[PDB]
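A.B. asks: experimental structure and sequence below, a few questions after.
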Amino acid sequence: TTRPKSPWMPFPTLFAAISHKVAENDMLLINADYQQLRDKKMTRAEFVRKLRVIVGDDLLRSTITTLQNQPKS
């Protein structure tokens, strides 16, 4: 009930890929944007735009490449 342990990470696969390639402070802003997205206070296009700005194209490509080589389902 308090601080539960689960094999699956609460954060999504996309976030996990970026998290391992980005600073924790930077993720704070990303996480904040995510809350806005969940609250529908942010447009999805805006989220992607901001996400791309935060991660950078050089990181987005790496994330995309990782996702392509991700044989999990």
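C.D. replies: Thanks, I have the structure now. Residues are numbered from 1 along each chain as shown.

A.B. asks: tell me how far residue 23 lies from residue 15.
C.D. replies: From residue 23 across to residue 15, the span is 14 Å (Cβ to Cβ, to the nearest Å). Bear in mind the C-beta positions are built from the backbone N, C-alpha and C, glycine included.

A.B. asks: between these two, which is the more surrounded one?
C.D. replies: Using other Cβ atoms under 10 Å as the criterion, residue 23 and residue 15 rank with residue 15 on top: 18 against 8.

A.B. asks: need the phi and psi values for the closest residue to residue 72 other than its chain neighbours.
C.D. replies: Spatially, and ignoring its direct neighbours in sequence, residue 72 is nearest to residue 13 (7.9 Å; Cβ to Cβ, 6 or more residues apart in numbering). Torsion angles at residue 13 (phi, psi; degrees, to the nearest 10) stand at phi -60, psi -40.

A.B. asks: my guess is residue 13 contacts residue 67. True?
C.D. replies: Yes: here residue 13 reaches residue 67: they are 7.4 Å apart, a contact under Cβ atoms under 8 Å.

A.B. asks: can you list residues touching both of residue 23 and residue 15?
C.D. replies: By Cβ atoms under 8 Å, 6 or more residues apart in numbering, residue 23 and residue 15 have no common neighbours.

A.B. asks: sort out which residues of the longest helix seen in the chain are buried, please.
C.D. replies: In the chain, taking DSSP state H as the definition, the longest helix is helix 24-38. Going by neighbour count (16 or more other Cβ atoms under 10 Å), the buried part of helix 24-38 is 27, 30, 33, 34, 37.
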